[PDB]
Every structure is written in C-alpha cells, then in structure tokens.
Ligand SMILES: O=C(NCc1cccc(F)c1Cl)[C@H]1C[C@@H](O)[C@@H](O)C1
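Here you get one chain, nothing else, as structure tokens; it is the form solved without the ligand.
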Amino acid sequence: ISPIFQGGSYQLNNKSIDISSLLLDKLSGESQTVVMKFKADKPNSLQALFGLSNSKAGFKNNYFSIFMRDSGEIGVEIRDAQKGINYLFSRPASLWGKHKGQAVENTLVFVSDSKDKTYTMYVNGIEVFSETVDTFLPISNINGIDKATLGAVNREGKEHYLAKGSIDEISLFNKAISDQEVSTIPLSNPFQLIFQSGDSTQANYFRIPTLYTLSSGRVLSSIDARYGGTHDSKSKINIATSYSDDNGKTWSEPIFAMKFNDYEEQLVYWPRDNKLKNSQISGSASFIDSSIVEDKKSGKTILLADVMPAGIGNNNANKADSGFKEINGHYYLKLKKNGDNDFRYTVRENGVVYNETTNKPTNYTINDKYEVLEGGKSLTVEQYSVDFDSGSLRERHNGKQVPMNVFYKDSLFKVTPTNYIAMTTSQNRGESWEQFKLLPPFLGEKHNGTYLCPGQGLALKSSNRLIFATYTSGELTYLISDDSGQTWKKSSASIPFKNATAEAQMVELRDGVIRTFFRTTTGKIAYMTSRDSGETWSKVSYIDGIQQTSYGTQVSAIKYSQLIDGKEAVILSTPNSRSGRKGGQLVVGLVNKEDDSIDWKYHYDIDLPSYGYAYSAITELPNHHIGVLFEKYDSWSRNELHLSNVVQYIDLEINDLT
C-alpha cells in the first residue's frame, strides 16, 4: 500500500535536512515502516540517517533515530524520558560502503510493529535484528515530537550525530509491512549469498569459505556450517558445499561434505549479550576448517577438514597424542570402551575392533561411517538438541535415535579426545561426497594431528602431485600425494614461530616452483618457496606493504592465468589493517622472472578500510573474472559474534583491480 511520505536525492553533507512539515502530520497509528536507500562511502564515526525528535529544552532524550557507525554497524534508538524507555537495537557489520570504487546503494527496511510489539531491521535483504518488547513504544508516539530530520537528530535545537552521505530514496508507511512484502522491495546489492540462514544446512551461521575452479568449469565452494553461533570447535559444525555452473551467477542448494548427527541440525538464534554470548555447544562432535583440490588423473574432487570428537576443540584437545597406536609401522585408531579408564582397543583392517589387552578381535566392528556395529547390527544413541528456554544453554536428549559413532559423547567406544584430519572425495564434482576417511598421523604416535590450512590445496600443473598445507608448532607440514589422495607423506618446513596459527596457501609461480603465503604472529604475511614441487622449502621472508594484526588472519592466493602488464601475476586476498580484521584488499603482484621476487603493484580495496573483512577465498572463474567469497565482518572481535549472512560473494574483473 501507498507511502504516507516519499522523497529522494537528499545530500547529507554534515548538515541536517528538515522534513517536519512534509512528514510529521502524515504519521498516524502505532505501526510504521521506513524504507530508505542510502549511500555512505565516507561516513562519520557515528551518524544518524533519520530522526524524529522532541527538539525542545529538557527533552534531549525523547527521540527515534536510525543510525550507523563507520564500522558498518546499523541500529535504532527509541527514547522517551516520560515513559522511562531507552531502547537501542543494532547489529555490527550490516552495511556496504563501496564496490568497484563506487558508493553502494544500501536498502534499509525498518519495521515497527505495535501488534506484535516487535522492531525489525533489514539491510540489503538481510534481517539484521528482530526485537520483541514487553512495553512497546511507537516511533511517533514519543512525547512532544516536533521534528523530522534527515542526517542528524535535533536535540534541544542542535544538530546531533551529523551525517555524511546521501539518501537517494526514503519512504514511510503507516503500516508494519509483512516479511513477504519486504521480500518484494528491489535491492541494489553488490554481493550475493551462496550459503545463508535458513538454507538446506539449517545452520544460522557460517565461517571459513573456500572456492575452487574445477576443470569442467564448475566452481565449487566449501564452508563451515556452524550451528552454535560462530564459535570455533568445540561446537556443532558440519562442512557444506555448493557449486556454480554459470561463472558464479547462481549456486546450488548446499549439501554436506562432512556431517555428524549426534546433535540435531538446528537453526538457532545465538544470544549476543555479554552474559550469554560465550555459550558454547559442549557435547557435540564437529568438523572445522576445510580445503579443496581437484585431481587431474582420477578426475575426483578431494576435500579435507579437521575432525573433533564430542566436546573437543583446539583449546582442550589432547596435545601429545595422535589418537592412533603404531604397530609395525602401521597406525590404528585407538578406542576406549564404556567403563574403562584407558584405551584398550584399536580399529584394524575391515573395521575389526581389536582388544589390545587380550590381543584378540571382539564382536564389534567399525563401519565406513565410523559407526559401531555389534555382530553386524547397528548400535544407536539418542540425539541431542539445544535450547535457551531455561535462560541459559541446555543440551538435552530429543527422543531420536541415530547410528552410534565413535566420535560421539554417548558412544560405547570413543576415540581419543584430540584433533584429527579427515578426507572425503566426490566423483561427480560436488553432487555427493563419500564417507570421510581419517588421515594417518604424520609426526608420530605421541604428536597430535596437524591443523589443515583452510582454502585450496594445490594441484601441480605438470604432474599428478597434490599438496595440502597444514601447520603445527614450529612448522608448516605439507601433505603430499602422488596417487590421487590414496597415500600421503609429509614435507616439514621449519618456520620461526612457536604456537602460530600459520594458515598457509600456495601458488605455483611456474612448473615445480611453489610459493606459500602464510599467517604469522608478526603483523606481516610471510612466505617461503619450493623449487622441487614441495620436497624442500626455502627460509621464511615477509611481505612489506600489507599489515595484519598481531594475531593475524588467513590469506588466500591464486596464480592468475593471464599476464598483467606483460608479467606473470599472483593475487592475494587479505585484510590490510594493523588494528582489526577490516580493510579488505585484493593485492596484485607481478613476478620478476629473474629471481621470482614479486612486486606488489596494485591494491584493490574491497570496501572501506574500516568495514570488516576476515577469512577469504578467491578463485579465477572460467571467464577470467575473479570470484571472492569472504567473511564481511571482524570474525576476531568479541562484539561481532553470531552474525547472520556476513559471508558474502562478489564478482570482479582484473580491470577493477588495476
């Protein structure tokens, strides 16, 4: 239905625009919708886009405002001192600033619903908050409202929260429009979603994107589908995949590459308040940090990820235990049975559960899905679900039976509580995935598994060699296969770091010459070089010209297929910031053929230096465009946890970058 007010092309240049006479006497009833299309590519630190206020002496705290911050945060205030109400609702990382050098038109829809007593904010087609209150306050029923303002809030006659930006369209309605109606408002988004809340994964959150271009032209993506908010393991996390057959324009409904079922796939709104935001699913098994590669010989797609048994993450993983027993140079998965104090069992060939104390097989076998069988019969456990109904996190049996898995909390036989690496493969380029297999230990019986570097593995162009980077304390540990991922060996490369999250990604500069770029603890991205297809590695150097935080962020990297300025080119994707995970860039490097040094010549700013940018994935699309799927928020910040739909995809051309 019709707007009660519609206006457009307002410039906000640190000077508010009064629209009181046009708008105020049109406001009626207690439910309102505001639709606003606006740009702000050089915002002030904190600025209001729209205000309704009592501008009179003594009523400073009687106003409604829609505001934003230069962090990309959006929100509203709804205040009335006489009613003793001061509502503030917001969500960080909700905005775009610029795309390809041009200011992005954001589409904001705020719904104020008196019947449901609920305030709801959408930006660019994404619901960023929905808040129900006991005492509802209609936005134009604030005591003494006498001003409607764009680009500030009028308090006691003065301009507060002055904005820099533009409002190209603003409309208001004397109605709380439905979610359906909202879905019909046209958008001008510079991005698309591949994985999103409410899709087939039923995870409300995602982290750790990957992208890889397959030989058929299909582009494949993997990701952590994270259920218990955005926390790393321990949690419930599955690995999901989606592909595009039209150069990234459209993407398939996701399927799982790796999943556990000890806990239900629940789409949950994780609390963001300071008291509860660190609530963590503590009894679920999970997968985390995936990586993809394609094998020329078999044609298979290979996907690796870390695996965590129930309640396990990096923080509490048994270090100094691989979880395997070594026997005659062969490694067998250890198991502990209900009631025992030690691990007295192993998993041998054909999944036979073997008793180590009495050196004989049992009537138990482990199938191909790491599920427990007794006499060929499937054992089961009861599934858990989570809720916050009690006012805090509970994990409780839900009445459903699922196959009993050795990675589960309720299992008869349980693996060592430490981290593993698993592998799965697809024979149809991402349409389905095999049951996962555990990789063996590479650094000994009594060393925990290395940590997979999320992103792409490396398929050497002139041989059948496949390489996956991993890391542990003191080194990068490259996993190398020459037989389609059937057998792996390691190649250790010392780095001058203890306890670094040394997430590494590789590019082949030329045949047999690999440069690996990796995260460090120094505030600088490091690199090392191999010239024998990964057998040996150079000492470590650093890139100047890009800054990271002390704790660092994953960097993604590819070798571009086409020459640029007549030179071989590498493209890096990373935040460029010493302060947080923000200031996303693609950095184009040109290779110097005389020494393989790289001149970082072009820096492309993905969005504003202050807008969030964290883990990232890049790939050269079949049409030579660049696809970027990235965390568009600060995934380190304790203030930006548990945000929906912030992993986003964009398409760029090389000319945009240069």
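Residues carry their position along the shown sequence, with the first being 1.
The form solved in complex with the ligand exists for this protein as well; it is not shown, and the discussion that follows is about that form.
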{"item": "Open vs blocked, site of the ligand as found in the entry with it bound, superimposed, 2.4 Å to backbone or C-beta", "value": "open"}
{"item": "Sole residue of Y384, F436, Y212, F206 within 4.5 Å of the ligand in the entry with it bound, by heavy atom", "value": "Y212"}
{"item": "Sole residue of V34, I66, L621, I598 within 4.5 Å of the ligand in the entry with it bound, by heavy atom", "value": "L621"}
{"item": "Any non-hydrogen atom of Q456 within 4.5 angstroms of the ligand in the entry with it bound", "value": "yes"}
{"item": "Residue contact check: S561 to the ligand in the entry with it bound, 4.5 Å heavy atom", "value": "yes"}
{"item": "Among 553-561, 509-517, 271-279, 175-183, the region lying within 4.5 Å of the ligand in the entry with it bound by heavy atom distance", "value": "553-561"}
